[PDB]
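In what follows, a single structure is set out as structure tokens and then discussed.
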Amino acid sequence: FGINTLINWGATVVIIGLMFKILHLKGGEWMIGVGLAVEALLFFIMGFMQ
Amino acid sequence: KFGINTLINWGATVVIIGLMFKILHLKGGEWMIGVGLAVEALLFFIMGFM
Amino acid sequence: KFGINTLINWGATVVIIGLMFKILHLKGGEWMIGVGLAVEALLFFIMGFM
Amino acid sequence: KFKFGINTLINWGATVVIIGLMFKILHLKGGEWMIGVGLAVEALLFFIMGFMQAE
Amino acid sequence: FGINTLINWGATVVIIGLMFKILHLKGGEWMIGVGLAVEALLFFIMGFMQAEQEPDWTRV
Amino acid sequence: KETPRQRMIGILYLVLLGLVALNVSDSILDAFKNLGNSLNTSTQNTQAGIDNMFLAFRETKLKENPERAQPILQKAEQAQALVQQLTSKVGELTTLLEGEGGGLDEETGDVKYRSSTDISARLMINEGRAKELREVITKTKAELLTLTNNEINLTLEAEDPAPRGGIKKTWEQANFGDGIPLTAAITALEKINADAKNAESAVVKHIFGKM
Amino acid sequence: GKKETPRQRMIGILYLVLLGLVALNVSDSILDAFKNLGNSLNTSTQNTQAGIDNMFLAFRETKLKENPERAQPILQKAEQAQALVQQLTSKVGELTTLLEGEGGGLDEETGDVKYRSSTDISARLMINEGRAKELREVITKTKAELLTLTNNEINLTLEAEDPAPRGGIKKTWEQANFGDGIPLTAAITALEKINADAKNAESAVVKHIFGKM
């Protein structure tokens, strides 16, 4: 369950938020934000690697 | 074969056809993007367990 | 010979021409992005079989 | 240990296209010219590699 | 650091621009352009990095 | 194994596709249809106002000094007929474009094939019906201005749009040309009808205000 | 050089294509059409307002004089109908000036604002900050209060209802009028359309009220 797992699971939240936004469902604008913030943070962290 | 790579390619096919439909203002555009994104999100979740 | 890389590259040139006509609002831009996107979707479908 | 080929030229054509896209989004002056030129060059370079083999 | 650091922090910048664009946040109109500039820079850098000669094993 | 650039691409291509999909909406065509409906209703109101003007003038000062009102009433009726020529022309064009629309779609609210981008360019640019319409618009604007020459009709105008990106467009190529959906073209014809009715109201008001 | 699988190769190609479609925005001719429709709606709305003023002047100068006892309540009701819609008209005016102000200045080359093709100014100034929902509440409230003032006709012009669900999605009125994919000029034209609908409904109500007696 390394850093790669959070790279994928953070993408699952973004894609589900995109699904909700496109299908005009109710609470999808929050999952996009949270998942993309997590994705940006994880990509920032991963820059500190060999 | 029809392994796990078949799903990540047919999901791309479905979501791209949905994008084509939505650009051309055809009817079922949003619904096909939804299903393709559902498949892609479910595959992203699964590949986190690797 | 003409392998699967040839199909990828020619689908790329077709979709890129369609994109160029769509972005710049040229004569037949609207349907060329449809044909270009259908070829990329078809390629994604095709190598789902490999 | 660097050899330039057709792929490097593709990526640089993409760079030109994306600079054009940035100019179009930021409403700078010479935006569509780079979009058109880079996209035509990228399409031509993708067409060329069809007539090629990769090992 | 290295060149992988540039790629990943470019990913961070592009992700933030896309987030501001999708959620229609205040700066999302030009942060997408900043992310596009970063993505052009990574296309350029990857164009260089793709030119590296892999070690040929014809000597076997 | 994949390079960091490939993880970036393989994650962000779906986010980019979501952004593109969100950024294109059918609501443009819904907006065109709703604007057409609102323009039609406001044109009905304007026609009612013109009729009320005619009834008011007919038994407010026509009954007092007909020797002064008969020329004014005749000029107003002439302006009405001049505008009605363009109104009938636009009505013919609207029926033509709706007939080739493809049958009304009840699920959407307007004609099928409302986003064809080629029916309007095939019936108005290829056969030049748009050029004839533009000539009628210009002729009726000029003839309306002849009756007054004092007030300015900032509604009836087939002026070409200012060039953008080096290229230049004509009025017919801008209103019914390439890239214009069929619903946008029907809305443009309804706009031309509304502009004609507004110009008729303005000229009738001015003519009746001369006395 | 470096070897990449065909899967990744055409993900890269499609990624470059999708970057281009981010720069896809509505054609200049369509935005010109929206601006022109807005101008025509504004002029027709001025004609409608002039017609309403003419109805008021004719009623209060012709039919009120002979039976002021029977006409004064009718005119008061008509004025109340004229005041209900001013709440919607003044609400639309403030939103119009808000969208113009965030527009970015009146570009001289065209006749409208810069950033007229934004598709993200009205999507955050009306949905993110919830101004479209307030506007829809006002539209529905004034529709109801105009109906309950007479309830003898249809004001079908003034109705902020969701578009019918087509394709398996349910777009809301706020989202279909100011949301994603709607350029700024389309949104300003939508506000102009709401203003025209309000004036049309007020005209119909006033005409009907004066037609009572």
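Assorted remarks:
Which chain is which? They are A, B, C, D, E, F and G, in the order written, and residues in each are numbered from 1.
Throughout what follows, contacts are C-beta pairs under 8 Å (C-beta built on N, C-alpha and C of every residue); 3 or more make two chains touch, one makes a residue touch a chain.
Touching subunit A and subunit F at once are the following chains: B, E, G. For the interfaces A-E and B-F, the C-beta contact count is higher for A-E.
The centroid of the Cα atoms in subunit A and the matching centroid in subunit C are 29 Å apart. If each chain is reduced to the centroid of its CA atoms, subunit B and subunit G end up 36 Å from each other. For the pair subunit A and subunit B, the distance between mean C-alpha positions equals 17 Å.
Here the CA centre of subunit E is 41 Å from the CA centre of subunit G.
Multi-chain contact residues of subunit F (touching two or more other chains): 4, 8, 12, 14-22, 24, 165, 179. The set of subunit A residues that touch two or more partner chains comprises 11, 15, 18, 21-24, 36, 39, 43, 46. Taken in their complex, subunit C has these residues touching subunit B: 22, 30-31, 33-34, 37-38, 40-42, 44-45, 47-50.
Residues 2, 6, 9-10, 12-13, 16-17, 19-20, 22-25, 27-28, 30-32, 34-35, 38-39, 41-43, 45-46, 48-49, 52, 56, 107-109, 154-155, 161-162, 164-165, 169, 174-175, 177, 179-180, 184, 187-188, 191, 194-195, 197-198, 201 of subunit F are the ones that touch subunit G when the two sit in their complex. Interface residues of subunit E facing subunit A in the complex, by the touch rule stated above, are 1-2, 4-5, 8-9, 11-12, 15-16, 18-19, 22-23. On the side of subunit B, the complex with subunit G involves touching residues 5, 8-9, 12, 16, 23, 27-31. Contact residues of subunit G toward subunit C in the complex are 6-7, 9-10, 13-14, 17, 20-21, 23-24, 27-28.
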